Amino acid sequence: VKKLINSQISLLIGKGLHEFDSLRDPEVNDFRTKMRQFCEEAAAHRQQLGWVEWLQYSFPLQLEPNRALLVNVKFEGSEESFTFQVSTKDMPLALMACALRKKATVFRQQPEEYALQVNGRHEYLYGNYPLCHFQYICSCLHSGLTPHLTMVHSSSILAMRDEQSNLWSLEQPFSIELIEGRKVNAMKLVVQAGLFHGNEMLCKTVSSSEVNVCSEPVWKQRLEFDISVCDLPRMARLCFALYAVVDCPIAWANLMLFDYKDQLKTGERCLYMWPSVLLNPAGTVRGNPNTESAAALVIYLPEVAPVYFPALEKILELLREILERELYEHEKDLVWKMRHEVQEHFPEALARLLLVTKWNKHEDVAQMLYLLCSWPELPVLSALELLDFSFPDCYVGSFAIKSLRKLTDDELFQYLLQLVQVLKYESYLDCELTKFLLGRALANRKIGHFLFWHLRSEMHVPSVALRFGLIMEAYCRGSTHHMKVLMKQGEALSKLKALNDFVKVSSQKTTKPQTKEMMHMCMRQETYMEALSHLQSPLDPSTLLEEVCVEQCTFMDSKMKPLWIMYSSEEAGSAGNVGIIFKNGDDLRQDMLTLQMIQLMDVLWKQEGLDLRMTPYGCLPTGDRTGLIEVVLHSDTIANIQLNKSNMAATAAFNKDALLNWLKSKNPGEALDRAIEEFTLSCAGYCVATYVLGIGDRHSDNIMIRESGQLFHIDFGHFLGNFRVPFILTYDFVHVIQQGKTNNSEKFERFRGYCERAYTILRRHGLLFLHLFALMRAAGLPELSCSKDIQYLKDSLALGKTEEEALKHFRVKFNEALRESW
Ligand SMILES: CC(=O)Nc1nc2ccc(-c3nn(Cc4cc5ccccc5nc4N4CCN(C)CC4)c4ncnc(N)c34)cc2s1
């Protein structure tokens with residue numbers, strides 16, 4: 001039983017648990033038993049949750065950031081239903097109280113014992129909120145549709161829960177012996193080394209003597225470092241680069257100078273190096289696992305006797321404003337002297353003080369830390385900055401995590417991609433970020449879901465495979481049931497991979513109709529119908545994927561041959577008609593990031609009362625160049641529509657009418673007006689988002705429209721101006737915005753306003769994007785690695801300007817776009 005589970009975990013995470021044992025590594029072992037313990041208690045806590053509290057755990061509320069409506073309501077075990085008319089202002093309780101009246105009359109004769117499930121989804125309506133505040137009711141209003149709900153009794157929710165149970169002495173300089181290696185090249189080889197605390201060096205780098213390429217290299221030399229051993233900060237990182245010269249880089253490697261138990265390191269180490277793209281401070285501090293083939297350096301840390309880092313108990317014993325909103329060396333010195341008044345009267349400037357503190361002198365670090373221990377808790381915004389690699393100290397990190405606990409679950413979810421990436425910066429396996437993510441994920445099943453997937457999707461990256469593998473193991477121990485739910489997902493993804501391979505093979509040797517019918521036969525096999533059916537969507541756990549409609553599935557006959565998979569569900573009706581796209585061969589990470597950023601804009605816009613009718617569709621990497629994109633139904637590409645085919649509702653006398661004609665046929669009579677407004681709002685949002693993000697090569701192939709008028713972007717797949725990208729107005733959208741008239745300055749200028757509001761609201765949260773992109777640097781995305789990428793956002797949001805200033809600047813950009821539009 002505990003052997004079945006171990007095997008289930010092994011299959012789910014894509015790494016066998018026996019591989020953890022074989023490392024005979026006490027840090028891995030200690031991480032495992034402690035994190036198992038932590039996760040088991042969390043699971044125990046959850047099995048006694050109240051029924052409302054469980055709903056909160058398993059089906060967290062989906063909310064928006066007088067008027068009448070129709071609702072259909074039924075009860076759990078009957079098909080008979082009642083249609084009521086209520087107010088968009090009424091709470092779920094009144095509707096429930098209403099539904100119980102109708103039952104008592106029909107069956108010839110307490111609302112608070114129920115919750116309302118959205119039919120055929122894992123989504124529930126409860127709490128003291130007006131119906132219009134629930135994403136679902138809210139969404140229903142905009143599309144016309146009647147909300148459909150089931151009354152579920154508390155006794156039934158509890159049955160769900162139950163079924164789901166489980167020191168300063170050493171004054172001599174620091175130094176190492178560089179012994180030998182075993183490697184491949186073409187000329188002479190040099191080892192260069194630096195001591196780092198984040199990006200900042202703790203002293204100058206020191207180089208090797210030249211030795212010939214023939215090697216199996218030999219050195220037997222002492223590299224001495226210009227810094228007292230008693231000064232090495234807790235998080236001292238020692239870094240190596242091996243290269244050749246008569247410059248040609250070969251490999252690099254890093255390690256911490258203290259182990260995970262705070263002990264200084266001795267004596268001999270063998271470092272298995274990673275291939276190079278010279279010093280790489282940000283690289284992992286674990287050696288290359290491919291030890292058969294990896295070049296290796298042998299070194300020797302010299303025993304100065306054990307020696308540990310001193311307990312905090314010991315450590316605790318031991319024109320300003322005009323600048324405070326990069327600084328000269330005299331400005332630095334001023335801040336440091338003011339550290340106390342910084343604490344008392346500028347607590348939000350912590351980050352700036354941390355960057356001036358001298359991490360290569362131990363006495364100053366004791367100073368800074370002592371101030372940190374009484375430092376007031378900081379705003380989330382400020383805390384997200386502190387998580388950056390320019391703050392490696394474990395005390396700083398703990399303060400940051402401590403400031404971050406006041407994150408709501410909706411916020412945490414919004415920034416989960418970045419917090420996971422920042423695991424790649426960590427020095428050690430057991431850390432505060434890991435416990436934090438595990439804890440919040442075990443308290444919220446939606447967080448759990450995406451945490452799992454963000455980690456699972458990277459298991460083929462050797463630098464994170466062990467770390468990420470271990471976290472998912474701990475997660476599973478805390479939720480046996482959710483483990484199985486995710487296995488169902490992994491098995492579906494495994495079959496889709498097999499199905500996509502067949503399509504790639506078949507389609508090269510036969511015509512599209514022929515392969516299509518083959519795909520269907522392949523899907524109609526028992527093993528497939530079953531593996532592909534009855535799962536939660538990896539794109540959204542509240543979306544249930546029930547019956548694959550084989551007949552509606554296809555593939556696109558191009559490059560990587562992505563698959564199109566439709567689902568239906570009687571229980572959910574029209575709402576359970578949903579689709580996924582499976583893509584294998586392409587990397588989806590950049591698109592996911594882009595889409596999260598756009599969805600962030602939408603939330604920020606909505607919090608100022610601006611709704612730009614965005615389309616934040618699912619996009620999720622699940623494996624090695626593998627993931628999923630959510631089908632947005634009732635949509636088509638601008639290119640396709642602009643083919644202006646005859647025999648169609650939308651056939652134009654002039655190609656420029658095509659897109660308007662299409663909208664007309666989808667939205668007759670008085671419906672046309674709202675579709676044009678939907679188009680205008682959505683167009684403004686994507687124009688501003690693409691501009692702020694530096695995304696170009698937009699064209700009719702990678703823009704789409706919904707039948708409601710909503711325009712949205714797909715397949716980005718470059719950003720931050722690396723292809724300065726101009727603002728873009730396509731004449732074809734301008735034509736539609738203008739209701740089909742040559743001149744319509746009343747409509748075009750309401751459009752300009754939309755853009756100007758959207759843009760000015762983002763500037764107010766400019767720092768949030770900057771902090772978020774800074775952390776994303778951890779992802780290893782080629783287009784998001786250096787500072788010229790961050791600078792791109794600095795320039796697009798004109799953060800160093802006044803709002804009047806930037807708004808004029810933006811107005812020049814917009815007018816330039818208008819001229820470019822024919
Ligand atoms: C790296 C990368 O590819 N990123 C990508 N991101 C996206 C995002 C969206 C889409 C996408 N593309 N399309 C058009 C489309 C894509 C198909 C993909 C695989 C198989 C069949 C496909 N058919 C598509 N159409 C074209 C329009 N037609 C009316 C319906 C079917 C979408 N339709 C609805 N929802 C979507 N989300 C899409 C594709 C991609 S690819």
# chains A, B, ... in the order shown; residues from 1 in each chain; ligands from 1
>>> residues_around(residues="residue 40 (chain A)", least_positions_apart="4", cutoff="7 Å", atoms="only C-alpha atoms", output="short mmCIF file (atom, residue, chain, number, x, y, z; two decimals) with N, CA, C and O atoms, in the first residue's frame")
data_model
loop_
_atom_site.label_atom_id
_atom_site.label_comp_id
_atom_site.auth_asym_id
_atom_site.auth_seq_id
_atom_site.Cartn_x
_atom_site.Cartn_y
_atom_site.Cartn_z
N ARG A 36 8.13 15.77 4.51
CA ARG A 36 7.06 14.78 4.58
C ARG A 36 6.22 15.04 5.80
O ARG A 36 5.00 14.92 5.75
N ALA A 44 -3.60 16.40 7.74
CA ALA A 44 -4.41 16.02 8.89
C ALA A 44 -5.33 17.17 9.26
O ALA A 44 -6.52 16.97 9.51
N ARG A 477 2.69 13.53 -0.57
CA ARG A 477 2.53 12.99 0.77
C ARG A 477 1.46 13.75 1.54
O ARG A 477 0.74 13.18 2.35
N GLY A 478 1.36 15.04 1.28
CA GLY A 478 0.31 15.87 1.86
C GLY A 478 -1.05 15.76 1.18
O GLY A 478 -2.05 16.18 1.76
#
>>> residues_near_ligand(ligand="ligand 1", cutoff="6 Å", atoms="only C-alpha atoms and all ligand atoms", output="VMD selection string")
chain A and resid 554 to 556 562 to 564 581 586 588 629 to 633 635 to 637 714 to 715
>>> write_last_selection(atoms="N, CA, C and O atoms", output="PDB file, in the first residue's frame")
ATOM      1  N   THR A 554      -9.251  17.191 -34.396  1.00  0.00           N
ATOM      2  CA  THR A 554      -8.414  17.196 -35.584  1.00  0.00           C
ATOM      3  C   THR A 554      -7.016  17.568 -35.208  1.00  0.00           C
ATOM      4  O   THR A 554      -6.668  17.584 -34.049  1.00  0.00           O
ATOM      5  N   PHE A 555      -6.254  17.937 -36.234  1.00  0.00           N
ATOM      6  CA  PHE A 555      -4.940  18.519 -36.116  1.00  0.00           C
ATOM      7  C   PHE A 555      -4.813  19.591 -37.195  1.00  0.00           C
ATOM      8  O   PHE A 555      -5.505  19.560 -38.207  1.00  0.00           O
ATOM      9  N   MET A 556      -3.887  20.497 -37.017  1.00  0.00           N
ATOM     10  CA  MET A 556      -3.562  21.471 -37.990  1.00  0.00           C
ATOM     11  C   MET A 556      -2.404  20.962 -38.811  1.00  0.00           C
ATOM     12  O   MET A 556      -1.397  20.561 -38.284  1.00  0.00           O
ATOM     13  N   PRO A 562      -0.029  20.412 -34.261  1.00  0.00           N
ATOM     14  CA  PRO A 562      -0.745  20.422 -32.999  1.00  0.00           C
ATOM     15  C   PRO A 562      -2.141  19.844 -33.137  1.00  0.00           C
ATOM     16  O   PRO A 562      -2.759  19.955 -34.205  1.00  0.00           O
ATOM     17  N   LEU A 563      -2.621  19.249 -32.053  1.00  0.00           N
ATOM     18  CA  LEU A 563      -3.900  18.539 -32.010  1.00  0.00           C
ATOM     19  C   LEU A 563      -4.983  19.425 -31.417  1.00  0.00           C
ATOM     20  O   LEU A 563      -4.701  20.271 -30.570  1.00  0.00           O
ATOM     21  N   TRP A 564      -6.221  19.188 -31.804  1.00  0.00           N
ATOM     22  CA  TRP A 564      -7.390  19.918 -31.370  1.00  0.00           C
ATOM     23  C   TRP A 564      -8.368  18.935 -30.786  1.00  0.00           C
ATOM     24  O   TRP A 564      -8.861  18.108 -31.470  1.00  0.00           O
ATOM     25  N   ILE A 581      -5.951  22.443 -27.008  1.00  0.00           N
ATOM     26  CA  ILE A 581      -5.003  22.242 -28.078  1.00  0.00           C
ATOM     27  C   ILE A 581      -3.783  21.657 -27.429  1.00  0.00           C
ATOM     28  O   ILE A 581      -3.316  22.140 -26.396  1.00  0.00           O
ATOM     29  N   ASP A 586       7.129  22.645 -29.640  1.00  0.00           N
ATOM     30  CA  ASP A 586       7.312  24.059 -29.402  1.00  0.00           C
ATOM     31  C   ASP A 586       7.386  24.358 -27.938  1.00  0.00           C
ATOM     32  O   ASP A 586       6.827  23.651 -27.157  1.00  0.00           O
ATOM     33  N   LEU A 588       6.368  26.711 -24.873  1.00  0.00           N
ATOM     34  CA  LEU A 588       5.196  27.533 -24.544  1.00  0.00           C
ATOM     35  C   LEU A 588       5.434  28.536 -23.430  1.00  0.00           C
ATOM     36  O   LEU A 588       4.588  29.396 -23.208  1.00  0.00           O
ATOM     37  N   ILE A 629      -2.989  24.620 -24.721  1.00  0.00           N
ATOM     38  CA  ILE A 629      -3.607  25.929 -24.930  1.00  0.00           C
ATOM     39  C   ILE A 629      -5.125  25.738 -24.936  1.00  0.00           C
ATOM     40  O   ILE A 629      -5.630  24.763 -25.480  1.00  0.00           O
ATOM     41  N   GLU A 630      -5.846  26.670 -24.342  1.00  0.00           N
ATOM     42  CA  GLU A 630      -7.289  26.561 -24.247  1.00  0.00           C
ATOM     43  C   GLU A 630      -8.006  27.041 -25.522  1.00  0.00           C
ATOM     44  O   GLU A 630      -7.751  28.131 -26.018  1.00  0.00           O
ATOM     45  N   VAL A 631      -8.895  26.203 -26.048  1.00  0.00           N
ATOM     46  CA  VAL A 631      -9.719  26.588 -27.180  1.00  0.00           C
ATOM     47  C   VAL A 631     -10.689  27.688 -26.797  1.00  0.00           C
ATOM     48  O   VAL A 631     -11.488  27.555 -25.848  1.00  0.00           O
ATOM     49  N   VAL A 632     -10.601  28.787 -27.528  1.00  0.00           N
ATOM     50  CA  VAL A 632     -11.610  29.817 -27.439  1.00  0.00           C
ATOM     51  C   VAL A 632     -12.532  29.563 -28.614  1.00  0.00           C
ATOM     52  O   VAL A 632     -12.118  29.681 -29.768  1.00  0.00           O
ATOM     53  N   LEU A 633     -13.769  29.183 -28.310  1.00  0.00           N
ATOM     54  CA  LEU A 633     -14.729  28.777 -29.324  1.00  0.00           C
ATOM     55  C   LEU A 633     -15.361  29.994 -29.938  1.00  0.00           C
ATOM     56  O   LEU A 633     -15.276  31.080 -29.371  1.00  0.00           O
ATOM     57  N   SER A 635     -14.533  31.616 -32.584  1.00  0.00           N
ATOM     58  CA  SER A 635     -13.492  32.553 -32.972  1.00  0.00           C
ATOM     59  C   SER A 635     -12.846  32.143 -34.274  1.00  0.00           C
ATOM     60  O   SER A 635     -12.853  30.965 -34.665  1.00  0.00           O
ATOM     61  N   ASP A 636     -12.241  33.114 -34.923  1.00  0.00           N
ATOM     62  CA  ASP A 636     -11.507  32.871 -36.121  1.00  0.00           C
ATOM     63  C   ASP A 636     -10.390  33.822 -36.272  1.00  0.00           C
ATOM     64  O   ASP A 636     -10.371  34.789 -35.608  1.00  0.00           O
ATOM     65  N   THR A 637      -9.474  33.563 -37.186  1.00  0.00           N
ATOM     66  CA  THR A 637      -8.348  34.469 -37.404  1.00  0.00           C
ATOM     67  C   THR A 637      -8.782  35.598 -38.344  1.00  0.00           C
ATOM     68  O   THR A 637      -9.631  35.397 -39.232  1.00  0.00           O
ATOM     69  N   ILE A 714      -2.589  35.921 -30.445  1.00  0.00           N
ATOM     70  CA  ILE A 714      -2.047  34.582 -30.202  1.00  0.00           C
ATOM     71  C   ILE A 714      -0.591  34.509 -30.667  1.00  0.00           C
ATOM     72  O   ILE A 714      -0.156  35.368 -31.459  1.00  0.00           O
ATOM     73  N   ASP A 715       0.150  33.512 -30.166  1.00  0.00           N
ATOM     74  CA  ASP A 715       1.454  33.101 -30.716  1.00  0.00           C
ATOM     75  C   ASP A 715       2.435  34.265 -30.831  1.00  0.00           C
ATOM     76  O   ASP A 715       2.742  34.709 -31.925  1.00  0.00           O
TER      77      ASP A 715
END
>>> residues_around(residues="residue 86 (chain A)", least_positions_apart="6", cutoff="8 Å", atoms="only C-alpha atoms", output="PyMOL selection string")
chain A and resi 68-71+95
>>> residues_around(residues="region 791-799 of chain A", least_positions_apart="4", cutoff="9 Å", atoms="only C-alpha atoms", output="mmCIF file with C-alpha atoms, in the first residue's frame")
data_model
loop_
_atom_site.group_PDB
_atom_site.id
_atom_site.type_symbol
_atom_site.label_atom_id
_atom_site.label_comp_id
_atom_site.auth_asym_id
_atom_site.auth_seq_id
_atom_site.Cartn_x
_atom_site.Cartn_y
_atom_site.Cartn_z
ATOM 1 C CA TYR A 691 3.297 48.186 -27.020
ATOM 2 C CA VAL A 692 4.239 48.097 -23.348
ATOM 3 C CA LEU A 693 5.655 44.542 -23.785
ATOM 4 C CA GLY A 694 7.590 45.336 -26.999
ATOM 5 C CA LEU A 720 10.807 43.298 -25.115
ATOM 6 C CA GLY A 721 11.646 44.686 -28.544
ATOM 7 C CA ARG A 724 12.324 49.578 -29.978
ATOM 8 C CA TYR A 759 -1.737 53.065 -20.525
ATOM 9 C CA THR A 760 -1.845 55.530 -17.629
ATOM 10 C CA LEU A 762 -0.290 50.542 -16.012
ATOM 11 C CA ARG A 763 2.260 53.329 -15.270
ATOM 12 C CA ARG A 764 0.881 53.508 -11.709
ATOM 13 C CA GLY A 766 5.035 50.100 -13.237
ATOM 14 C CA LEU A 767 7.074 48.872 -10.294
ATOM 15 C CA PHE A 769 5.832 44.685 -13.642
ATOM 16 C CA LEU A 770 9.530 45.535 -13.065
ATOM 17 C CA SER A 787 19.211 44.390 -18.059
ATOM 18 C CA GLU A 803 2.300 61.582 -15.868
ATOM 19 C CA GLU A 805 5.206 64.079 -19.544
ATOM 20 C CA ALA A 806 4.747 60.371 -20.369
ATOM 21 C CA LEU A 807 1.203 60.957 -21.638
ATOM 22 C CA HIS A 809 5.233 61.112 -25.174
ATOM 23 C CA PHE A 810 2.672 58.333 -25.626
#
>>> atom_distance(atom1="CA of residue 20 (chain A)", atom2="CA of residue 470 (chain A)")
8.4 Å
>>> atom_distance(atom1="CA of residue 206 (chain A)", atom2="CA of residue 278 (chain A)")
12.8 Å
>>> residues_around(residues="residue 773 (chain A)", least_positions_apart="5", cutoff="9 Å", atoms="only C-alpha atoms", output="list in words")
residues 418, 768, 784 and 790 of chain A
>>> decode(residues="region 485-512 of chain A", atoms="N, CA and C atoms", output="tab-separated table (two decimals), in the first residue's frame")
chain	number	residue	atom	x	y	z
A	485	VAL	N	-5.73	12.36	-8.88
A	485	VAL	CA	-6.35	13.29	-9.80
A	485	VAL	C	-5.36	13.77	-10.87
A	486	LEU	N	-4.13	14.08	-10.45
A	486	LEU	CA	-3.04	14.53	-11.37
A	486	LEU	C	-2.47	13.41	-12.24
A	487	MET	N	-2.47	12.18	-11.70
A	487	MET	CA	-2.12	10.99	-12.48
A	487	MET	C	-3.08	10.83	-13.64
A	488	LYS	N	-4.36	11.05	-13.37
A	488	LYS	CA	-5.33	10.99	-14.42
A	488	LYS	C	-4.92	11.97	-15.55
A	489	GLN	N	-4.48	13.19	-15.17
A	489	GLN	CA	-4.01	14.20	-16.12
A	489	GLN	C	-2.75	13.78	-16.87
A	490	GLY	N	-1.78	13.23	-16.13
A	490	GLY	CA	-0.53	12.79	-16.73
A	490	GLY	C	-0.74	11.68	-17.75
A	491	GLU	N	-1.64	10.74	-17.45
A	491	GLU	CA	-1.98	9.64	-18.38
A	491	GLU	C	-2.63	10.18	-19.65
A	492	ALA	N	-3.46	11.23	-19.52
A	492	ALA	CA	-4.11	11.83	-20.68
A	492	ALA	C	-3.06	12.49	-21.57
A	493	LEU	N	-2.10	13.15	-20.94
A	493	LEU	CA	-1.01	13.85	-21.63
A	493	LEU	C	-0.08	12.85	-22.29
A	494	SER	N	0.13	11.73	-21.63
A	494	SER	CA	0.93	10.66	-22.21
A	494	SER	C	0.29	10.11	-23.51
A	495	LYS	N	-1.02	9.88	-23.51
A	495	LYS	CA	-1.72	9.42	-24.72
A	495	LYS	C	-1.74	10.43	-25.87
A	496	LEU	N	-1.94	11.69	-25.51
A	496	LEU	CA	-1.88	12.77	-26.49
A	496	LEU	C	-0.50	12.86	-27.19
A	497	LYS	N	0.58	12.65	-26.42
A	497	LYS	CA	1.94	12.59	-26.97
A	497	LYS	C	2.06	11.45	-27.99
A	498	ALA	N	1.44	10.31	-27.68
A	498	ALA	CA	1.49	9.18	-28.56
A	498	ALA	C	0.65	9.46	-29.80
A	499	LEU	N	-0.49	10.11	-29.60
A	499	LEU	CA	-1.41	10.41	-30.68
A	499	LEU	C	-0.81	11.43	-31.62
A	500	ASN	N	-0.12	12.42	-31.05
A	500	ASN	CA	0.55	13.44	-31.86
A	500	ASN	C	1.74	12.88	-32.67
A	501	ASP	N	2.43	11.88	-32.13
A	501	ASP	CA	3.52	11.22	-32.87
A	501	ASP	C	3.00	10.46	-34.09
A	502	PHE	N	1.90	9.74	-33.90
A	502	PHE	CA	1.25	9.04	-35.00
A	502	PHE	C	0.82	10.01	-36.12
A	503	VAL	N	0.23	11.15	-35.73
A	503	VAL	CA	-0.24	12.14	-36.68
A	503	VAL	C	0.93	12.72	-37.48
A	504	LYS	N	2.03	12.99	-36.79
A	504	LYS	CA	3.24	13.49	-37.45
A	504	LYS	C	3.79	12.50	-38.48
A	505	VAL	N	3.73	11.21	-38.15
A	505	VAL	CA	4.19	10.17	-39.05
A	505	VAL	C	3.21	10.01	-40.22
A	506	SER	N	1.96	9.68	-39.90
A	506	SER	CA	0.89	9.50	-40.89
A	506	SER	C	0.72	10.65	-41.90
A	507	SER	N	0.75	11.88	-41.42
A	507	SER	CA	0.44	13.05	-42.26
A	507	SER	C	1.51	13.33	-43.30
A	508	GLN	N	2.66	12.69	-43.17
A	508	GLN	CA	3.75	12.87	-44.12
A	508	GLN	C	3.64	11.92	-45.29
A	509	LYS	N	2.73	10.95	-45.18
A	509	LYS	CA	2.65	9.86	-46.14
A	509	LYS	C	1.23	9.68	-46.66
A	510	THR	N	0.36	10.62	-46.34
A	510	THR	CA	-1.05	10.56	-46.73
A	510	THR	C	-1.69	11.93	-46.58
A	511	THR	N	-2.90	12.10	-47.10
A	511	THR	CA	-3.53	13.43	-47.13
A	511	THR	C	-4.30	13.71	-45.85
A	512	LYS	N	-4.53	14.99	-45.56
A	512	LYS	CA	-5.14	15.42	-44.31
A	512	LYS	C	-6.45	14.68	-44.00
